Structure formats: C-alpha cells, structure tokens
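Remarks on the structure that follows.
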Amino acid sequence: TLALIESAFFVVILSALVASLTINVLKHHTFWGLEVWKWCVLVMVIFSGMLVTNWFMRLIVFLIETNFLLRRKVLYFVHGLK
C-alpha cells in the first residue's frame, strides 16, 4: 500500500527525469538559481536511491543465500545490520 505508492512516485520521478533529459524544452525553465530539470533529477535521485538501496539489500541477501559460505555468525550479523 504505502510502499507501492512510494514505488509509483519514484517511477514517475524517473520517467519525468528521463523526459527532461530527452526534451530540452523543460531545461529552459530554472528556479532557485538552478535549472528545474536539475531539481527534478535530484528528487528522482533521492527516491530511486531509496528504491535501489532496498533492491540492493534484497539482492545481497539473495546472493549470500546462494553463496557457499554458511557461517551462522555471518548470517546473524547480516540479518542484524541489513
């Protein structure tokens, strides 16, 4: 629910950033001494970075599961510090 809304917002921000990069019309507008596309890309960076951190944590957990090492202490440390 709430997580899905955040993911959708991050996807929308990424799409807007891609459109701004592809279309120079938005670049003509600037605010706070910086281009509007810069701020949009920054916000999309924050959101997509949260999403990428979650995805990378999941991928690291999966790789550790498939990894040959199976030390109990290492698994507990990873679970605690994820």
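By convention here, the chains of the structure tokens are called A, B, ... in the order presented, each chain's residues are numbered starting at 1, and ligands are numbered starting at 1 in the order presented.
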
Secondary structure check, helix (DSSP H, G or I) residues of chain A, as a PyMOL selection string: chain A and resi 2-22+26-28+36-66+72-81

Residues within 12 Å of segment 60-68 of chain A, only C-alpha atoms, excluding chain neighbours under 5 positions, as a list in words: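 That gives residues 52, 53, 54, 55, 74, 75, 76, 77, 78, 79, 80, 81 and 82 of chain A.
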
Best match for closeness to residue 39 of chain A among A:4, A:57, A:25, A:17, counting only C-alpha atoms: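 Nearest to residue 39 of chain A: A:17.
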
Selected residue, from A:72, A:28, A:7, A:21, that lies nearest to residue 40 of chain A when counting only C-alpha atoms: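 Among the listed residues, the smallest separation from residue 40 of chain A belongs to A:21.
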
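Among the candidates A:19, A:14, A:36, A:70, the one nearest to residue 48 of chain A when counting only C-alpha atoms is A:14.
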
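When atom CA of residue 24 of chain A is paired with atom CA of residue 8 of chain A, their separation reads 24.6 Å.
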
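Here atom CA of residue 1 of chain A is placed at a distance of 21.9 Å from atom CA of residue 45 of chain A.
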
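DSSP, applied to the backbone of this structure, assigns strand (DSSP E or B) to the following residues of chain A: residues 30, 31, 34 and 35 of chain A.
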
Write out, as a CSV table (one decimal), in the first residue's frame, the residues just selected, with N, CA, C and O atoms.
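Generated output (result-v8.csv):
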chain,number,residue,atom,x,y,z
A,30,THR,N,14.2,27.6,-15.1
A,30,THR,CA,15.1,27.4,-13.9
A,30,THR,C,14.5,28.1,-12.7
A,30,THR,O,13.7,29.0,-12.8
A,31,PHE,N,14.8,27.6,-11.5
A,31,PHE,CA,14.3,28.1,-10.3
A,31,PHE,C,15.4,28.0,-9.2
A,31,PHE,O,16.2,27.0,-9.3
A,34,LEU,N,19.0,27.4,-10.2
A,34,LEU,CA,19.3,26.2,-10.9
A,34,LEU,C,18.2,25.8,-11.8
A,34,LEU,O,17.0,26.1,-11.6
A,35,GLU,N,18.5,25.0,-12.8
A,35,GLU,CA,17.5,24.5,-13.8
A,35,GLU,C,16.5,23.6,-13.1
A,35,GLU,O,16.8,22.8,-12.2

Selected residue, from A:33, A:38, A:10, A:2, that lies nearest to residue 50 of chain A when counting only C-alpha atoms: A:10
